$ cat query38.pdb   # PDB, C-alpha atoms
MODEL        1
ATOM      1  CA  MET R   1       0.000   0.000   0.000
ATOM      2  CA  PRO R   2       1.208   3.669  -0.746
ATOM      3  CA  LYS R   3       2.558   4.537   2.776
ATOM      4  CA  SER R   4       6.276   5.552   2.756
ATOM      5  CA  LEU R   5       8.554   4.970  -0.303
ATOM      6  CA  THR R   6      11.734   4.893   1.846
ATOM      7  CA  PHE R   7      14.810   2.615   1.680
ATOM      8  CA  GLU R   8      18.357   2.739   3.139
ATOM      9  CA  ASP R   9      21.614   0.700   2.810
ATOM     10  CA  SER R  10      25.051   0.950   4.527
ATOM     11  CA  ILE R  11      28.472  -0.590   3.702
ATOM     12  CA  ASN R  12      32.029  -0.381   5.142
ATOM     13  CA  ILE R  13      34.500   0.696   2.401
ATOM     14  CA  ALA R  14      38.308   0.058   2.740
ATOM     15  CA  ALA R  15      38.945   3.536   1.147
ATOM     16  CA  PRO R  16      39.245   7.017   2.923
ATOM     17  CA  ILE R  17      36.336   9.537   3.156
ATOM     18  CA  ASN R  18      38.056  11.692   0.434
ATOM     19  CA  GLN R  19      37.473   8.765  -2.005
ATOM     20  CA  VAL R  20      33.922   7.954  -0.782
ATOM     21  CA  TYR R  21      32.681  11.633  -0.857
ATOM     22  CA  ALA R  22      34.098  12.182  -4.400
ATOM     23  CA  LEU R  23      32.581   8.833  -5.591
ATOM     24  CA  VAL R  24      28.992   9.353  -4.233
ATOM     25  CA  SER R  25      28.839  13.009  -5.423
ATOM     26  CA  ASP R  26      28.616  12.376  -9.209
ATOM     27  CA  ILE R  27      27.133  15.402 -11.061
ATOM     28  CA  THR R  28      30.103  17.710 -11.855
ATOM     29  CA  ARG R  29      32.131  16.392 -14.835
ATOM     30  CA  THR R  30      33.776  17.637 -18.122
ATOM     31  CA  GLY R  31      31.180  20.344 -18.888
ATOM     32  CA  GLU R  32      32.971  23.685 -19.198
ATOM     33  CA  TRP R  33      30.619  24.785 -22.074
ATOM     34  CA  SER R  34      27.795  22.192 -21.513
ATOM     35  CA  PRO R  35      28.175  18.916 -23.654
ATOM     36  CA  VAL R  36      25.654  16.219 -22.417
ATOM     37  CA  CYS R  37      24.348  18.781 -19.879
ATOM     38  CA  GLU R  38      22.266  21.796 -21.053
ATOM     39  CA  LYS R  39      23.122  23.902 -17.934
ATOM     40  CA  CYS R  40      24.637  22.325 -14.770
ATOM     41  CA  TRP R  41      26.226  24.126 -11.771
ATOM     42  CA  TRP R  42      27.102  23.163  -8.154
ATOM     43  CA  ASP R  43      27.007  25.080  -4.803
ATOM     44  CA  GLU R  44      30.861  25.291  -4.915
ATOM     45  CA  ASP R  45      30.274  28.386  -7.141
ATOM     46  CA  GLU R  46      28.440  30.211  -4.265
ATOM     47  CA  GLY R  47      28.728  28.289  -0.947
ATOM     48  CA  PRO R  48      27.768  24.583  -0.059
ATOM     49  CA  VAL R  49      25.671  25.480   3.059
ATOM     50  CA  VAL R  50      22.209  24.581   4.513
ATOM     51  CA  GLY R  51      19.582  26.157   2.186
ATOM     52  CA  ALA R  52      21.857  26.218  -0.914
ATOM     53  CA  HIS R  53      20.840  23.999  -3.910
ATOM     54  CA  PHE R  54      22.831  22.663  -6.885
ATOM     55  CA  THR R  55      20.816  22.682 -10.149
ATOM     56  CA  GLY R  56      21.521  20.709 -13.345
ATOM     57  CA  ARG R  57      19.414  20.429 -16.511
ATOM     58  CA  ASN R  58      20.640  17.370 -18.475
ATOM     59  CA  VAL R  59      19.996  17.082 -22.261
ATOM     60  CA  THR R  60      19.782  13.699 -24.096
ATOM     61  CA  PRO R  61      18.537  12.659 -27.672
ATOM     62  CA  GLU R  62      15.587  10.963 -25.825
ATOM     63  CA  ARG R  63      14.620  13.353 -22.922
ATOM     64  CA  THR R  64      15.279  16.860 -21.517
ATOM     65  CA  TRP R  65      15.034  16.848 -17.678
ATOM     66  CA  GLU R  66      16.268  19.199 -14.906
ATOM     67  CA  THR R  67      17.108  18.248 -11.277
ATOM     68  CA  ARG R  68      17.526  20.825  -8.456
ATOM     69  CA  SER R  69      18.666  19.404  -5.075
ATOM     70  CA  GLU R  70      18.594  21.428  -1.826
ATOM     71  CA  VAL R  71      21.188  20.820   0.884
ATOM     72  CA  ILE R  72      18.895  20.270   3.926
ATOM     73  CA  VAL R  73      21.828  18.791   5.942
ATOM     74  CA  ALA R  74      25.420  20.073   5.404
ATOM     75  CA  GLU R  75      27.953  18.448   7.773
ATOM     76  CA  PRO R  76      31.569  18.984   6.426
ATOM     77  CA  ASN R  77      33.242  15.514   6.013
ATOM     78  CA  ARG R  78      30.511  13.916   8.268
ATOM     79  CA  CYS R  79      27.267  13.793   6.179
ATOM     80  CA  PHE R  80      26.067  15.445   2.937
ATOM     81  CA  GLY R  81      22.324  15.026   2.262
ATOM     82  CA  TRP R  82      20.324  16.828  -0.449
ATOM     83  CA  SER R  83      16.620  16.817  -1.443
ATOM     84  CA  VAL R  84      15.204  16.928  -5.022
ATOM     85  CA  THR R  85      12.408  19.626  -4.799
ATOM     86  CA  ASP R  86      10.720  20.982  -1.540
ATOM     87  CA  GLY R  87      10.807  17.842   0.665
ATOM     88  CA  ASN R  88       9.786  15.531  -2.217
ATOM     89  CA  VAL R  89      12.799  13.204  -2.735
ATOM     90  CA  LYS R  90      15.670  12.904  -0.177
ATOM     91  CA  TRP R  91      19.168  11.470  -0.772
ATOM     92  CA  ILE R  92      20.987  11.383   2.606
ATOM     93  CA  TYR R  93      24.638  10.172   2.512
ATOM     94  CA  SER R  94      26.056   9.632   6.035
ATOM     95  CA  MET R  95      29.893   9.345   5.882
ATOM     96  CA  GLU R  96      31.698   7.892   8.953
ATOM     97  CA  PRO R  97      35.553   8.153   8.503
ATOM     98  CA  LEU R  98      37.170   5.175  10.294
ATOM     99  CA  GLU R  99      40.923   4.704  10.998
ATOM    100  CA  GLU R 100      40.678   1.881   8.356
ATOM    101  CA  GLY R 101      38.165   3.353   5.805
ATOM    102  CA  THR R 102      34.659   4.951   5.742
ATOM    103  CA  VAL R 103      31.099   3.592   6.308
ATOM    104  CA  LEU R 104      28.732   5.126   3.679
ATOM    105  CA  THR R 105      25.028   5.009   4.691
ATOM    106  CA  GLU R 106      22.492   6.104   2.009
ATOM    107  CA  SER R 107      18.814   6.938   2.860
ATOM    108  CA  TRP R 108      16.295   7.593   0.047
ATOM    109  CA  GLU R 109      13.106   9.197   1.470
ATOM    110  CA  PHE R 110      10.397   9.617  -1.195
ATOM    111  CA  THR R 111       7.405  11.416   0.385
ATOM    112  CA  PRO R 112       3.581  11.220  -0.546
ATOM    113  CA  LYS R 113       4.138  14.489  -2.596
ATOM    114  CA  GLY R 114       5.684  12.765  -5.640
ATOM    115  CA  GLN R 115       3.567   9.650  -4.876
ATOM    116  CA  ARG R 116       0.500  11.913  -5.564
ATOM    117  CA  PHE R 117       1.986  12.612  -9.039
ATOM    118  CA  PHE R 118       1.195   8.901  -9.795
ATOM    119  CA  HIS R 119      -1.866   8.525  -7.426
ATOM    120  CA  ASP R 120      -3.801  11.553  -8.775
ATOM    121  CA  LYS R 121      -3.439  10.265 -12.400
ATOM    122  CA  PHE R 122      -4.396   6.560 -11.852
ATOM    123  CA  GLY R 123      -4.464   5.725  -8.097
ATOM    124  CA  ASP R 124      -5.545   2.089  -8.451
ATOM    125  CA  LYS R 125      -3.400   1.507 -11.602
ATOM    126  CA  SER R 126      -0.467   3.692 -10.267
ATOM    127  CA  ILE R 127       0.075   1.220  -7.343
ATOM    128  CA  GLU R 128       2.486  -0.728  -9.650
ATOM    129  CA  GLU R 129       4.326   2.565 -10.539
ATOM    130  CA  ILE R 130       5.016   3.468  -6.850
ATOM    131  CA  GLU R 131       6.033  -0.190  -6.133
ATOM    132  CA  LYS R 132       8.269  -0.045  -9.263
ATOM    133  CA  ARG R 133      10.353   2.930  -8.010
ATOM    134  CA  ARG R 134      10.334   1.392  -4.474
ATOM    135  CA  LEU R 135      11.759  -2.003  -5.632
ATOM    136  CA  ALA R 136      14.155  -0.279  -8.117
ATOM    137  CA  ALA R 137      15.627   1.578  -5.080
ATOM    138  CA  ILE R 138      15.542  -1.632  -2.905
ATOM    139  CA  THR R 139      17.762  -3.208  -5.627
ATOM    140  CA  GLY R 140      19.466   0.020  -6.883
ATOM    141  CA  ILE R 141      20.769   1.619  -3.626
ATOM    142  CA  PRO R 142      22.536  -1.655  -2.235
ATOM    143  CA  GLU R 143      23.957  -2.266  -5.749
ATOM    144  CA  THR R 144      25.336   1.320  -5.793
ATOM    145  CA  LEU R 145      26.822   0.960  -2.230
ATOM    146  CA  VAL R 146      28.738  -2.185  -3.402
ATOM    147  CA  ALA R 147      29.799  -0.386  -6.650
ATOM    148  CA  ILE R 148      31.206   2.600  -4.641
ATOM    149  CA  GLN R 149      33.118   0.141  -2.408
ATOM    150  CA  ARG R 150      34.298  -2.057  -5.316
ATOM    151  CA  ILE R 151      35.752   0.519  -7.797
ATOM    152  CA  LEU R 152      37.703   2.133  -4.897
ATOM    153  CA  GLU R 153      39.197  -1.225  -3.607
ATOM    154  CA  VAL R 154      40.260  -2.214  -7.182
ATOM    155  CA  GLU R 155      41.850   1.275  -7.501
ATOM    156  CA  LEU R 156      43.503   0.874  -4.018
ATOM    157  CA  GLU R 157      45.137  -2.498  -4.823
ATOM    158  CA  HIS R 158      42.947  -5.103  -6.719
ATOM    159  CA  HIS R 159      45.614  -7.676  -5.518
ATOM    160  CA  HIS R 160      45.168  -9.921  -2.366
ATOM    161  CA  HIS R 161      41.735  -8.402  -1.370
ATOM    162  CA  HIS R 162      39.348 -10.824  -3.212
ATOM    163  CA  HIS R 163      37.195 -12.778  -0.650
TER     164      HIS R 163
ENDMDL
END
$ encode --input "query38.pdb" --output "structure tokens"
Amino acid sequence: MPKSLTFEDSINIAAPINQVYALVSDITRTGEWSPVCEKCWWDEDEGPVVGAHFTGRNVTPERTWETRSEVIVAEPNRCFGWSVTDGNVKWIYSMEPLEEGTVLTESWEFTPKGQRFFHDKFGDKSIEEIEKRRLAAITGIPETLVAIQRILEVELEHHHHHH
């Protein structure tokens, strides 16, 4: 039942917080004059603080879509969590720097606001659509946590560390 489209996953990575922060924050890339992006900028231009929001319209031969994400929690080298639109989608990345690595803990909190975007169109028939995005995050977020860990550990050594 449409109640709370929320999922979280945490993993211990054998790489420092400098690696983990730079890996999870993937928006800024080769785009000095906008190639695959139409217009994309980050809060590093102004100031990455609570209330600031990085905005990026992406352009593809299929779609043209824009994502603004507001920094509702800014903790320098402790936790960086943004929100796509006014309390609609949350992406909360808790970063715990160990003396042997960093534990990344992601929390996706999709509220009834964006659920209503499906519900108000179909309701009965949109149940599958809200379950779709739920289950795609239940599979997608843990997958991503392992991918962040993996690419870093291969880059650290690749040798010895393999089960």
$ resolve_selection --input "query38.pdb" --expression "the PyMOL selection byres ((chain R and resi 102-119) around 6)" --output "PyMOL selection string"
chain R and resi 5-13+16-17+88-98+101+120-123+126
$ write_last_selection --input "query38.pdb" --atoms "C-alpha atoms" --output "mmCIF file, keeping the file's coordinate frame"
data_model
loop_
_atom_site.group_PDB
_atom_site.id
_atom_site.type_symbol
_atom_site.label_atom_id
_atom_site.label_comp_id
_atom_site.auth_asym_id
_atom_site.auth_seq_id
_atom_site.Cartn_x
_atom_site.Cartn_y
_atom_site.Cartn_z
ATOM 1 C CA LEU R 5 8.554 4.970 -0.303
ATOM 2 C CA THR R 6 11.734 4.893 1.846
ATOM 3 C CA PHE R 7 14.810 2.615 1.680
ATOM 4 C CA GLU R 8 18.357 2.739 3.139
ATOM 5 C CA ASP R 9 21.614 0.700 2.810
ATOM 6 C CA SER R 10 25.051 0.950 4.527
ATOM 7 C CA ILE R 11 28.472 -0.590 3.702
ATOM 8 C CA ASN R 12 32.029 -0.381 5.142
ATOM 9 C CA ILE R 13 34.500 0.696 2.401
ATOM 10 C CA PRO R 16 39.245 7.017 2.923
ATOM 11 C CA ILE R 17 36.336 9.537 3.156
ATOM 12 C CA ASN R 88 9.786 15.531 -2.217
ATOM 13 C CA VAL R 89 12.799 13.204 -2.735
ATOM 14 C CA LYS R 90 15.670 12.904 -0.177
ATOM 15 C CA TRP R 91 19.168 11.470 -0.772
ATOM 16 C CA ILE R 92 20.987 11.383 2.606
ATOM 17 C CA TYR R 93 24.638 10.172 2.512
ATOM 18 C CA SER R 94 26.056 9.632 6.035
ATOM 19 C CA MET R 95 29.893 9.345 5.882
ATOM 20 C CA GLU R 96 31.698 7.892 8.953
ATOM 21 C CA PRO R 97 35.553 8.153 8.503
ATOM 22 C CA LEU R 98 37.170 5.175 10.294
ATOM 23 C CA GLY R 101 38.165 3.353 5.805
ATOM 24 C CA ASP R 120 -3.801 11.553 -8.775
ATOM 25 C CA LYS R 121 -3.439 10.265 -12.400
ATOM 26 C CA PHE R 122 -4.396 6.560 -11.852
ATOM 27 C CA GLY R 123 -4.464 5.725 -8.097
ATOM 28 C CA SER R 126 -0.467 3.692 -10.267
#
$ axis_aligned_box --input "query38.pdb" --around "range 131-149 of chain R" --padding-each-side "3 Å" --output "JSON"
{"center_x": 19.6, "center_y": -0.1, "center_z": -5.7, "size_x": 33.1, "size_y": 12.1, "size_z": 13.0}
$ resolve_selection --input "query38.pdb" --expression "the PyMOL selection byres ((chain R and resi 149) around 8)" --output "compact mmCIF listing (two decimals) with C-alpha atoms, keeping the file's coordinate frame"
# COMPACT_ATOMS: atom_id res chain seq x y z
CA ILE R 11 28.47 -0.59 3.70
CA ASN R 12 32.03 -0.38 5.14
CA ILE R 13 34.50 0.70 2.40
CA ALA R 14 38.31 0.06 2.74
CA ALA R 15 38.94 3.54 1.15
CA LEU R 145 26.82 0.96 -2.23
CA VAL R 146 28.74 -2.18 -3.40
CA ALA R 147 29.80 -0.39 -6.65
CA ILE R 148 31.21 2.60 -4.64
CA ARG R 150 34.30 -2.06 -5.32
CA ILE R 151 35.75 0.52 -7.80
CA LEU R 152 37.70 2.13 -4.90
CA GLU R 153 39.20 -1.23 -3.61
$ residues_around --input "query38.pdb" --residues "range 23-31 of chain R" --least-positions-apart "5" --cutoff "8 Å" --atoms "only C-alpha atoms" --output "VMD selection string"
chain R and resid 36 to 37 40 to 42 148
$ residues_near_point --input "query38.pdb" --point "(31.5, 19.4, 6.2)" --cutoff "12 Å" --atoms "only C-alpha atoms" --output "tab-separated table (two decimals) with C-alpha atoms, keeping the file's coordinate frame"
chain	number	residue	atom	x	y	z
R	17	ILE	CA	36.34	9.54	3.16
R	18	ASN	CA	38.06	11.69	0.43
R	21	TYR	CA	32.68	11.63	-0.86
R	47	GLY	CA	28.73	28.29	-0.95
R	48	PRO	CA	27.77	24.58	-0.06
R	49	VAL	CA	25.67	25.48	3.06
R	50	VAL	CA	22.21	24.58	4.51
R	71	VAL	CA	21.19	20.82	0.88
R	73	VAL	CA	21.83	18.79	5.94
R	74	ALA	CA	25.42	20.07	5.40
R	75	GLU	CA	27.95	18.45	7.77
R	76	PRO	CA	31.57	18.98	6.43
R	77	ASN	CA	33.24	15.51	6.01
R	78	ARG	CA	30.51	13.92	8.27
R	79	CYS	CA	27.27	13.79	6.18
R	80	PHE	CA	26.07	15.44	2.94
R	81	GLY	CA	22.32	15.03	2.26
R	94	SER	CA	26.06	9.63	6.04
R	95	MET	CA	29.89	9.35	5.88
R	96	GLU	CA	31.70	7.89	8.95
$ atom_distance --input "query38.pdb" --atom1 "CA of residue 69 in chain R" --atom2 "CA of residue 87 in chain R"
9.9 Å
$ atom_distance --input "query38.pdb" --atom1 "CA of residue 19 in chain R" --atom2 "CA of residue 99 in chain R"
14.1 Å
$ atom_distance --input "query38.pdb" --atom1 "CA of residue 82 in chain R" --atom2 "CA of residue 51 in chain R"
9.7 Å
$ residues_around --input "query38.pdb" --residues "range 63-65 of chain R" --least-positions-apart "3" --cutoff "12 Å" --atoms "only C-alpha atoms" --output "JSON, numbers by chain"
{"R": [36, 37, 38, 39, 40, 55, 56, 57, 58, 59, 60, 68]}
$ residues_around --input "query38.pdb" --residues "residue 70 in chain R" --least-positions-apart "4" --cutoff "6 Å" --atoms "only C-alpha atoms" --output "MDAnalysis selection string"
chainID R and resid 52:53 82:83
$ decode --input "query38.pdb" --residues "range 20-39 of chain R" --atoms "N, CA and C atoms" --output "mmCIF file, in the first residue's frame"
data_model
loop_
_atom_site.group_PDB
_atom_site.id
_atom_site.type_symbol
_atom_site.label_atom_id
_atom_site.label_comp_id
_atom_site.auth_asym_id
_atom_site.auth_seq_id
_atom_site.Cartn_x
_atom_site.Cartn_y
_atom_site.Cartn_z
ATOM 1 N N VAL R 20 35.350 8.290 -0.907
ATOM 2 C CA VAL R 20 33.922 7.954 -0.782
ATOM 3 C C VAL R 20 33.027 9.170 -1.119
ATOM 4 N N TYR R 21 33.412 10.360 -0.614
ATOM 5 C CA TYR R 21 32.681 11.633 -0.857
ATOM 6 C C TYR R 21 32.689 11.966 -2.363
ATOM 7 N N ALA R 22 33.884 11.865 -2.973
ATOM 8 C CA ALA R 22 34.098 12.182 -4.400
ATOM 9 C C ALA R 22 33.417 11.153 -5.327
ATOM 10 N N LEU R 23 33.192 9.929 -4.812
ATOM 11 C CA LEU R 23 32.581 8.833 -5.591
ATOM 12 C C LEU R 23 31.040 8.988 -5.599
ATOM 13 N N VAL R 24 30.459 9.268 -4.411
ATOM 14 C CA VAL R 24 28.992 9.353 -4.233
ATOM 15 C C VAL R 24 28.420 10.644 -4.853
ATOM 16 N N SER R 25 29.205 11.737 -4.796
ATOM 17 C CA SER R 25 28.839 13.009 -5.423
ATOM 18 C C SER R 25 29.277 12.958 -6.891
ATOM 19 N N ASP R 26 28.355 12.526 -7.766
ATOM 20 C CA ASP R 26 28.616 12.376 -9.209
ATOM 21 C C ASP R 26 27.578 13.187 -10.005
ATOM 22 N N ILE R 27 27.942 14.444 -10.281
ATOM 23 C CA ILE R 27 27.133 15.402 -11.061
ATOM 24 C C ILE R 27 28.081 16.300 -11.880
ATOM 25 N N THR R 28 29.099 16.865 -11.208
ATOM 26 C CA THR R 28 30.103 17.710 -11.855
ATOM 27 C C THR R 28 31.086 16.824 -12.636
ATOM 28 N N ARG R 29 31.264 17.143 -13.918
ATOM 29 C CA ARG R 29 32.131 16.392 -14.835
ATOM 30 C C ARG R 29 32.617 17.362 -15.942
ATOM 31 N N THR R 30 33.360 16.854 -16.948
ATOM 32 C CA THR R 30 33.776 17.637 -18.122
ATOM 33 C C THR R 30 32.550 18.303 -18.789
ATOM 34 N N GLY R 31 32.362 19.599 -18.479
ATOM 35 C CA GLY R 31 31.180 20.344 -18.888
ATOM 36 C C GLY R 31 31.384 21.833 -18.758
ATOM 37 N N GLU R 32 32.522 22.286 -19.288
ATOM 38 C CA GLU R 32 32.971 23.685 -19.198
ATOM 39 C C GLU R 32 32.078 24.616 -20.050
ATOM 40 N N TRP R 33 31.528 24.062 -21.152
ATOM 41 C CA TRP R 33 30.619 24.785 -22.074
ATOM 42 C C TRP R 33 29.339 23.970 -22.365
ATOM 43 N N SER R 34 29.022 23.020 -21.454
ATOM 44 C CA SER R 34 27.795 22.192 -21.513
ATOM 45 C C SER R 34 27.769 21.234 -22.746
ATOM 46 N N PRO R 35 28.248 19.952 -22.601
ATOM 47 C CA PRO R 35 28.175 18.916 -23.654
ATOM 48 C C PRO R 35 26.867 18.083 -23.549
ATOM 49 N N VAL R 36 26.840 17.080 -22.643
ATOM 50 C CA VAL R 36 25.654 16.219 -22.417
ATOM 51 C C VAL R 36 24.679 16.880 -21.416
ATOM 52 N N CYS R 37 25.164 17.921 -20.734
ATOM 53 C CA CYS R 37 24.348 18.781 -19.879
ATOM 54 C C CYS R 37 23.955 20.032 -20.668
ATOM 55 N N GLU R 38 22.738 20.541 -20.437
ATOM 56 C CA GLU R 38 22.266 21.796 -21.053
ATOM 57 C C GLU R 38 22.839 22.971 -20.239
ATOM 58 N N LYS R 39 22.546 22.966 -18.925
ATOM 59 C CA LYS R 39 23.122 23.902 -17.934
ATOM 60 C C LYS R 39 23.191 23.191 -16.582
#
